[PDB]
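Novice: Going down the list, the sequences are from chains C and B. Take the deposited numbering: the final residue in the first sequence is number 283, and no numbers are missing along the way. Those letters in the second sequence? Residues 1 to 94, 97 to 114, 126 to 189, 221 to 346, per the deposited numbering, in order. All C-beta atoms in this analysis are idealised placements derived from N, C-alpha and C, irrespective of residue type, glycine included. What follows is a structure written as structure tokens; I'll ask about it next.
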Amino acid sequence: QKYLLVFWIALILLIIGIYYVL
Amino acid sequence: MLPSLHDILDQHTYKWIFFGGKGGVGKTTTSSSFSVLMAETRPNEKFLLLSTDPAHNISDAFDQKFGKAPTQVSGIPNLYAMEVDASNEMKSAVXXXXXXXXXXXXXXXXXXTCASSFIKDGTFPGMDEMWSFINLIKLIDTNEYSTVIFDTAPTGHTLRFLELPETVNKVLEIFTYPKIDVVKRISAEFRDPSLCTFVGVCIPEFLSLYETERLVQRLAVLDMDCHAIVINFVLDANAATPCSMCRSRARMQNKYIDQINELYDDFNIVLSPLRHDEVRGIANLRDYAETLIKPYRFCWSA
Ligand SMILES: Nc1ncnc2c1ncn2[C@@H]1O[C@H](COP(=O)(O)OP(=O)(O)O)[C@@H](O)[C@H]1O
Ligand SMILES: Nc1ncnc2c1ncn2[C@@H]1O[C@H](COP(=O)(O)OP(=O)(O)O)[C@@H](O)[C@H]1O
Ligand SMILES: [Mg+2]
Ligand SMILES: [Zn+2]
Numbered sequence: 262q263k264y265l266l267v268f269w270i271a272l273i274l275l276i277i278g279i280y281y282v283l
Numbered sequence: 001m002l003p004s005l006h007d008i009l010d011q012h013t014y015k016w017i018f019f020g021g022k023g024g025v026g027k028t029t030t031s032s033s034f035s036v037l038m039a040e041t042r043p044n045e046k047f048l049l050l051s052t053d054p055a056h057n058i059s060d061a062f063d064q065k066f067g068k069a070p071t072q073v074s075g076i077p078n079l080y081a082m083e084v085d086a087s088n089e090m091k092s093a094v097x098x099x100x101x102x103x104x105x106x107x108x109x110x111x112x113x114x126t127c128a129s130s131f132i133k134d135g136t137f138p139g140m141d142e143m144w145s146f147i148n149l150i151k152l153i154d155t156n157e158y159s160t161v162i163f164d165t166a167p168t169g170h171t172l173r174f175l176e177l178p179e180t181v182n183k184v185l186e187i188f189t221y222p223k224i225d226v227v228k229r230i231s232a233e234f235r236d237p238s239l240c241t242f243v244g245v246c247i248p249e250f251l252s253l254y255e256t257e258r259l260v261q262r263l264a265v266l267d268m269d270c271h272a273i274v275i276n277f278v279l280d281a282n283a284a285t286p287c288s289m290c291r292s293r294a295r296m297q298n299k300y301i302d303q304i305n306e307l308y309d310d311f312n313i314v315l316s317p318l319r320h321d322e323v324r325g326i327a328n329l330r331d332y333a334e335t336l337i338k339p340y341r342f343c344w345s346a
């Protein structure tokens with residue numbers, strides 16, 4: 262889950278970043 | 001009280017209509033039909049249909065092809081169709099922000126392109142819900158159509174889509221004009237009963253009870269009105285019928301049908317019967333809509 266957590270952080274960043282498109 | 005949706009058409013003030021529920025009950029067949037009825041009745045206005053479900057099957061109902069851009073139906077000019085996908089937004093974006103994203107990830111990795130290739134294959138969870146909200150907002154801004162109809166996906170996702178604007182405005186206003225006012229006006233309309241409305245679809249089984257109660261409870265939270273519901277896949281048989289199968293299934297349905305009426309008697313409950321063949325083509329649609337305005341005549345009717 263450690264590396265996956267980074268992936269979760271990677272995916273969590275896409276959600277926050279995609280917000281700027283709005 | 002009256003088992004029909006005639007009260008809906010009279011209220012021209014409506015702008016947003018929804019059709020939600022479980023899968024395999026007629027969410028698409030029902031929405032597409034209701035739109036045709038409203039168009040032929042109001043020829044001096046525009047109307048739009050839209051599908052938010054990845055399993056886009058509207059084209060198979062009209063026997064006509066549709067794309068990711070708004071098109072016009074051959075049978076009637078007043079109506080338009082459309083379907084949103086996630087392979088066009090990424091295609092148009094195809097980065098600048100994504101690059102900076104990696105730097106942030108690499109940073110923490112230190113304190114503790127190749128990634129571009131990942132964008133090609135996609136497979137990004139939630140993209141369907143994220144990009145979909147973007148497309149609608151672009152279409153919602155335009156003010157040429159009068160109303161909009163939705164063929165939503167299962168309840169598990171449509172709810173999370175409705176809560177998105179309420180959270181975006183929060184974080185935005187917490188971290189911070222044309223953009224914020226647009227979303228603020230949208231969430232305002234979705235909450236007014238004189239403009240928006242949500243309709244449900246189910247079948248006479250056991251899972252309908254739990255699903256319907258959970259749906260209404262989560263809608264009352266958002267202050268969205270549910271003024272009616274639709275039942276489908278009904279049999280017109282009775283104990284007098286000789287077929288044992290048709291007789292057994294009917295007894296199973298008369299049970300749950302009576303339950304729903306007692307709980308939500310305040311709502312407009314309508315019953316749709318079973319048909320011999322499928323529902324494909326404008327021919328079969330205009331016949332399926334008559335059951336929603338004038339009620340069918342069943343055996344036990346009176
Ligand atoms: N009244 C009906 N009688 C029989 N089959 C129906 C009826 N209404 C819809 N169907 C069919 O049931 C299937 C599921 O309904 P459909 O409209 O495709 O929506 P969904 O995919 O959301 O279940 C489709 O094959 C549809 O054409
Ligand atoms: N052979 C069958 N005859 C009639 N109803 C069935 C049959 N198999 C399943 N069902 C019922 O059809 C509904 C859908 O099937 P279910 O097993 O619940 O899976 P799913 O939710 O994926 O459709 C349920 O009410 C289920 O009990
Ligand atoms: Mg469908
Ligand atoms: Zn039979």
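#1: Please classify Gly-26/B: is it buried, with 16 or more other beta-carbons within 10 angstroms of its beta-carbon, or exposed?
#2: Where do the ends of the alpha helix (DSSP H) carrying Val-184/B lie?
#3: Taking three-plus beta-carbon pairs below 8 Å as touching, is the stretch 40-55 of chain B in contact with the stretch 291-311 of chain B?
#4: Using a Cβ-Cβ distance under 8 Å, would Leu-283/C count as near chain B?
#5: Mind checking whether the beta-carbon of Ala-55/B lies closer than 7 Å to any heavy atom of ligand 3?
#6: What residues from the stretch 135-167 of chain B come within 9 Å of chain C, judged by C-beta to C-beta, listed N to C?
#7: For a minimum of 3 consecutive residues, which ranges assigned as the beta strand (DSSP E) are wholly contained in the stretch 239-325 of chain B?
#8: Quickly, what does DSSP pair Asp-10/B with across the bridge? List them, please.
#9: Within this structure, are the beta carbons of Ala-81/B and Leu-37/B separated by less than 8 Å?
#10: Residues of chain B with CB closer than 9 Å to the CB of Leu-265/C, please, in chain order.
#11: If you compare alpha carbons, which of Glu-179/B, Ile-162/B, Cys-246/B, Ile-224/B is closest to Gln-297/B?
#12: Can you pull the chain B neighbours of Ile-276/C, defined as C-beta to C-beta under 8 Å?
#13: Figure out for me which residue from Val-84/B, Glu-83/B, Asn-88/B, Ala-39/B has the closest Cα to the Cα of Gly-75/B.
#14: Quick one: which unbroken alpha helix (DSSP H) runs of 4-plus residues sit fully inside the stretch 1-83 of chain B? Chain order, please.
#15: Going by DSSP, which residues form a beta bridge with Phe-163/B?
#16: For chain B, check one thing: does any of its Cβ atoms lie closer than 8 Å to the Cβ of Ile-279/C?
#17: Could you please give the first and the last residue of the uninterrupted alpha helix (DSSP H) stretch that includes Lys-263/C?
#18: In chain C, which residues lie less than 8 Å from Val-181/B when you measure between Cβ atoms?
#19: Less than 8 Å between the C-beta atoms of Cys-343/B and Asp-280/B, yes or no?
#20: Please report how far the alpha carbon of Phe-163/B lies from the alpha carbon of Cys-270/B, in whole angstroms.
#21: Establish whether the CB of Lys-223/B and some CB of chain C are separated by less than 8 Å.
#22: Would you report the Cα separation of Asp-225/B and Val-282/C, rounded to the nearest angstrom?
#23: For the alpha helix (DSSP H) that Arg-229/B lies in, which residues bound it at each end?
Specialist: With the given structure in hand:
#1: buried
#2: 168-188
#3: no
#4: yes
#5: yes
#6: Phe-137, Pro-138, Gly-139, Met-140, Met-143, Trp-144, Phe-146, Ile-147, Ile-150
#7: 240-246, 272-278, 312-317
#8: Beta-bridge pairing links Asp-10/B to no other residue.
#9: no
#10: Result: empty, since nearest Cβ-Cβ is about 13 Å, beyond 9 Å.
#11: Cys-246/B
#12: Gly-139, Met-143
#13: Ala-39/B
#14: 6-10, 27-41, 58-62
#15: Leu-50/B
#16: yes
#17: 263-279
#18: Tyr-280, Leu-283
#19: yes
#20: 15 Å
#21: yes
#22: 16 Å
#23: 222-235
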